[PDB]
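**Student:** Enclosed are the sequence and the experimentally obtained structure.
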Amino acid sequence: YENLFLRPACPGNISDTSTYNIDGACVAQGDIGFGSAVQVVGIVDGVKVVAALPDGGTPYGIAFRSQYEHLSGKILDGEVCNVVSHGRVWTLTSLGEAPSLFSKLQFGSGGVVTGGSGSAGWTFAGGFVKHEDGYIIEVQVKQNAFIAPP
Amino acid sequence: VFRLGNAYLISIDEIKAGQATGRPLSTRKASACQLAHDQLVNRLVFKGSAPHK
Amino acid sequence: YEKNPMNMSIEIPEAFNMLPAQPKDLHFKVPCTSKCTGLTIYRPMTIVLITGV
Amino acid sequence: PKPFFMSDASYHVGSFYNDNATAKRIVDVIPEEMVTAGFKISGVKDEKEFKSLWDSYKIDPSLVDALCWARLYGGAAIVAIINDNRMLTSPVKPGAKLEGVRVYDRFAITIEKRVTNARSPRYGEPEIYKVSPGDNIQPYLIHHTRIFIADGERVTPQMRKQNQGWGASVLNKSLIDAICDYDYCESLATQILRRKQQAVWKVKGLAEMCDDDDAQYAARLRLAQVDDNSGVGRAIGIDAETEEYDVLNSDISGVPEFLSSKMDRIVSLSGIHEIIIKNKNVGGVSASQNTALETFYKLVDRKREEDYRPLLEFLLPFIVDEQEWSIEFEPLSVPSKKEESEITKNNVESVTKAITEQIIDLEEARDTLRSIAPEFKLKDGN
Amino acid sequence: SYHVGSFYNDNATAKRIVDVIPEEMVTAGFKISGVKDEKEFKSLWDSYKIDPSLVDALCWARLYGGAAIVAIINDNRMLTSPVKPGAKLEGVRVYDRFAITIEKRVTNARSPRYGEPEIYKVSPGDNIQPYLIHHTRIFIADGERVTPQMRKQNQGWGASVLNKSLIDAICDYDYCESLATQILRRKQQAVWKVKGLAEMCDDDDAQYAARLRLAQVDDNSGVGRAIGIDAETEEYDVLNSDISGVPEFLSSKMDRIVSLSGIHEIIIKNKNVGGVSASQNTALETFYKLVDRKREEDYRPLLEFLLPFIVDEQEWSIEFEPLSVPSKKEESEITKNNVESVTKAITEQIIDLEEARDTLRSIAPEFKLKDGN
Amino acid sequence: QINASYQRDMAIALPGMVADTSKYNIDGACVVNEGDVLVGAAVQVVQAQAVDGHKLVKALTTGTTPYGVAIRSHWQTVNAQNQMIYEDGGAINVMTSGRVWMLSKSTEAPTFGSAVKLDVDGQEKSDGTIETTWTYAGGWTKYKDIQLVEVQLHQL
């Protein structure tokens, strides 16, 4: 009774076949890069409008890699977008060394992981590899973890 | 009138696994469910259920 | 306006269809999809819009 | 990590087939021969009008391509419309009518109705089919009598039930990657040929110039210019202290044998043999391609009996009005004037060499003579 | 290793070794003697069209070591009770090894049927209740012979043809092919010596530019091209290795596959010998020998189980047509020989027309004839 | 004497109707106790049987802790007061996770991602006294005189 692993290990894709959720009814304002956190700025007709994470926002999900929706290499303004709201996913990071297992991550500007000492939110899942003179980490996203401030 | 139900789990590895003699694990797990259903019917007849009136 | 497909069009690459039902514990889930593009006006100046009527 | 809208094996196998020529051959080189071989029917009053109806209806290319996708996609559907005064959903009463035939691939057909009545032995099979071609036409419903489903190869029941009772593609993963490795080996062979010989030129101080400089550009231009003009009948001068010019070389051997072994694996894994898939005669023997071709016809017949005939009893009763008939298949053997001349002389002398003293009369002698298909015309008569 | 289904539906060699025999065996055909005529027999046979069921039934019987078939008869009784004598049926269907079990045991002293199960329970699934079947309606097909000290452990059922020896023989072949591809890839190597190259710290634009330069330089090397180097600092060398004997090694592996299989090369490798013109005929007749030898032991019981439910005639015999590929010219000549043999010298003795004609169409001719005197 | 055409739109939500086919989880091994509940209202658990395993649920009251929201079902619900309810002594379909449309008593649109607060009778309210951990999913609509909001729930 076990969960299979997923082989390609690139940023912006899913790392396991555990319970995951993909919110595919969204549109982008500005440009978004695969493997970055996004935030919900508004809702029109059951569609969520997302943008790259600013300072002071609450992350909602992580952009997901697809080879039909995004032929350019990144997500462009006015495009339908895939966003992962629950599951394990490879994220871009600016950190230098792996944090403690099962710690709480903190997101800098642009939707990159820079902290490992948060109070509550998403947690580190134990994966840490290297990409392009930069690193990739593995994050565990949960649905109601970050709550929008009143 | 009321409805009853349960379920069971089995894995492909245990389906692969063979035994010297005896009924297969899947058959035993399938018979257990029927026995449980019959026992629950008997218990409902002879003991009742307060929340279900 | 002048009704002629050489001037404006609405195109439906894929019509309405229903995917096979996905079973779960005691229910089913039936999805459906379709494709459309909207109105494309290849040759403008053939349409006059009188506003404030 | 999969899209919900529809499967992707469709795109994979379709693109691979329409791209690679070996795929074209391996999935087309059987069915067209199978169908064009022809057949005969017995118990019928005459065959000239039978041929007239057959070639007036001319659904043979449709049958060819139907069997083609049945082999490739693992499933295909063929429907013949009948001339009757009933709704297409209703069943079909006995009769001999047909006016149109057309074929869809695996993806346009689904099940609608199922009955498990104990009385009939037909319980457990699709009663009604939902056909949804697309092309801005509403999906509609067809009775069981009107649809024939052409399947591929048998699979284990635990997978047959998972694949809604439908077979698999002829291109399994072992065949696919065996084909794929050929091109990689071919590219490696071309690279090996390219890298046979290498010339190197060492001059103390070439490291001193930094990148993107006119001196370095001139030096490399001079190198290319001089390397162009070297050869057997020309010599190149260098300086003893500051320059050296070396050449390195390597050998090539066994490459044709390695590719031959790869093709041997491909043909063995496919099941169609060399003089038809590689399309090269062995050349060292005069009369072994004859046994090769007879084995090929043996295999095509053994498979054909299992798939072609069901089309025959599905379609023929809709055009033949007689009560009983029989279907026979032409022996797959290329005839030849000469050999057909001797066989016909032997048959004509055997039919009347010794029958002259028995009750075997002309009315059955002519039937025997013109049953074995002769070139001797004979109109009906006494 | 043990999931034979994957081996069957993934590797084509297992598919062939398990499928090639039974389907050709059944499509060979058979003939019956003691019957008034054969036209009606063939008509009812191809009207019933049960041969796909026979094919795949024999297939899973060979593969899983056990299978069952049930033929439903047109009778006005419950399917548990036995049969009265008759010749009827309306359907035939097959179940694999896993859906069949013995239900009640008969060991009475009087009947020689003791030890032969009387009642079976069948559990197809498909949300329908498992039911009970009397023996007279079903015939169980097993695999190959095995010792009793495993026959009684396998609940009186045969064994799979895919024993572990054949399994690992098939397995290591792909290993050898992968190793051959690797050896071909590793034919030659190029080495670029640059003193101080280790001094660079990693994940830096310096080494990124260095490897980009390496790409640019090695992409354009060839026969008509030369590359400059600096003698004092760095050097460039090439080493190589040879390949030989790999085709022979692979051929030996395939020969072991065939030897452990038991069906020969003109059927497995599908490659002609080429050096001889008239030995493949003997190879194919040896194959025909083995297939007939195996057919006699299993295919016949199906026939004598099924025919008594279709034939009302009293006594009959079954003959297996000699499975040989016939041919126009040769069949024309053999018809010549037989037609002159049947009436060359019979004109002088009591062998008369009515038996002579019976003889002459007892051998299946291409010469039709109307029934009569 | 010219022809005409007209265009009309369907409503988009119903009380207790499941918002979409995303992550959801349904508890069907519960039984309603001491009264009846409303389709699209929060419920609370009194006790859980140790051996039998059936939970006992009732409508939310003051000082309690929510557990889930009853959902729509054309077969398990009974029709009273022109609406579907779950009468006493019957199996109930509680929802423990996912997005669902709930009856609301507020008058202004909520903020996406904010926490949900309820009334003492199990109906959402913008300034309720009962505090939960569920969130707003963005949806905000209105049927005929009925106010519905789209709420996202996670396992307790």
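**Tutor:** All right, it came through fine. Numbering: from 1, shown residues only, chains lettered A, B, ... in the order given.

**Student:** can you list the residues of chain B near chain A?
**Tutor:** B:9, B:11 (C-beta under 8 Å from any C-beta of the partner chain). Heads up, the C-betas are built off the backbone N, CA and C, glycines and all.

**Student:** Tell me which residue is most central in chain B.
**Tutor:** Centroid-nearest residue in chain B, with C-alpha atoms, centre = their mean: residue B:33, separated by 1.2 Å.

**Student:** for the residue in chain F positioned nearest to chain D, phi and psi?
**Tutor:** Closest approach between chain F and chain D, counting by C-beta to the nearest C-beta: residue F:21, at 10.1 Å. Main-chain dihedrals, residue F:21, degrees, to the nearest 10: phi -100, psi 30.

**Student:** any idea how far it lies from residue D:4?
**Tutor:** Here residue F:21 is placed at a distance of 10 Å from residue D:4 (C-beta to C-beta, to the nearest Å).

**Student:** residues contacting the residue of chain F closest to chain D?
**Tutor:** C:29, C:31 (C-beta atoms under 8 Å, 6 or more residues apart in numbering or on different chains).

**Student:** Check which helix or strand the residue minimising distance to the centre of chain A maps to.
**Tutor:** By C-alpha atoms, centre = their mean, chain A has its centre lying nearest to residue A:62, at 2.2 Å. Using DSSP states H and E, residue A:62 sits within strand A:61-63.

**Student:** by contact count, what packs against that strand?
**Tutor:** Strand A:61-63 sits against strand A:37-44, strand A:83-93, strand A:135-141, with contacts defined as 3 or more C-beta pairs under 8 Å, 6 or more residues apart in numbering or on different chains; DSSP states H and E.

**Student:** Would you give the sheet partners of that strand, along with the direction of each?
**Tutor:** With DSSP bridges as the test, strand A:61-63 is paired with strand A:37-44 (antiparallel), strand A:83-93 (antiparallel).

**Student:** starting at the chain centroid, how far to the last one?
**Tutor:** Here strand A:83-93 is found 4 Å from its chain centre; the criterion is C-alpha atoms, centre = their mean, to the nearest Å.

**Student:** Kindly report the same for stretch D:204-211.
**Tutor:** Distance, centroid of stretch D:204-211 to centroid of chain: 61 Å (C-alpha atoms, centre = their mean).

**Student:** do that stretch and chain E meet?
**Tutor:** Yes: Stretch D:204-211 reaches chain E (C-beta under 8 Å from any C-beta) through D:204-207.

**Student:** Please tabulate the residues you listed in CSV, including the columns neighbour count.
**Tutor:** Shown next, in CSV, are those (neighbours: other C-beta atoms under 10 Å in any protein chain shown):
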residue, neighbour count
D:204, 14
D:205, 10
D:206, 17
D:207, 14
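
**Student:** Let's have those in JSON lines, adding secondary structure.
**Tutor:** Output for these, formatted as JSON lines (DSSP: H, G, I helix; E, B strand; the rest coil):
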{"residue": "D:204", "secondary structure": "coil"}
{"residue": "D:205", "secondary structure": "coil"}
{"residue": "D:206", "secondary structure": "coil"}
{"residue": "D:207", "secondary structure": "coil"}
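
**Student:** Go through those and name the one nearest residue D:260.
**Tutor:** For the residues of stretch D:204-211 next to chain E, the closest approach to residue D:260 (C-beta to C-beta) belongs to residue D:206, at 45.3 Å.

**Student:** I'd say residue D:206 and residue E:230 touch.
**Tutor:** Yes: with contact defined as C-beta atoms under 8 Å, residue D:206 counts as touching residue E:230 (4.7 Å).

**Student:** Kindly provide the distance from the residue of chain A found nearest chain D to chain C.
**Tutor:** Per C-beta to the nearest C-beta, residue A:14 is where chain A lies closest to chain D, at 6.1 Å. Residue A:14 sits 20 Å away from chain C, going by C-beta to the nearest C-beta, to the nearest Å.

**Student:** So for that residue, what's the nearest residue that isn't a sequence neighbour?
**Tutor:** residue A:89 (5.6 Å; C-beta to C-beta, 6 or more residues apart in numbering or on different chains).

**Student:** Who are the packing partners of the longest helix along chain B?
**Tutor:** Longest helix of chain B, by residue count under DSSP state H: helix B:25-47. Counting contacts by 3+ C-beta pairs under 8 Å, 6+ apart, helix B:25-47 packs against helix B:12-16.

**Student:** quick revisit: what count of nearby residues applies to the residue of chain A closest to chain D?
**Tutor:** Using other C-beta atoms under 10 Å in any protein chain shown, residue A:14 is surrounded by 19 other residues.

**Student:** what sits against it?
**Tutor:** A:6, A:20, A:64, A:84, A:87-90, D:1 are the contacts of residue A:14 under C-beta under 8 Å, 6+ apart.
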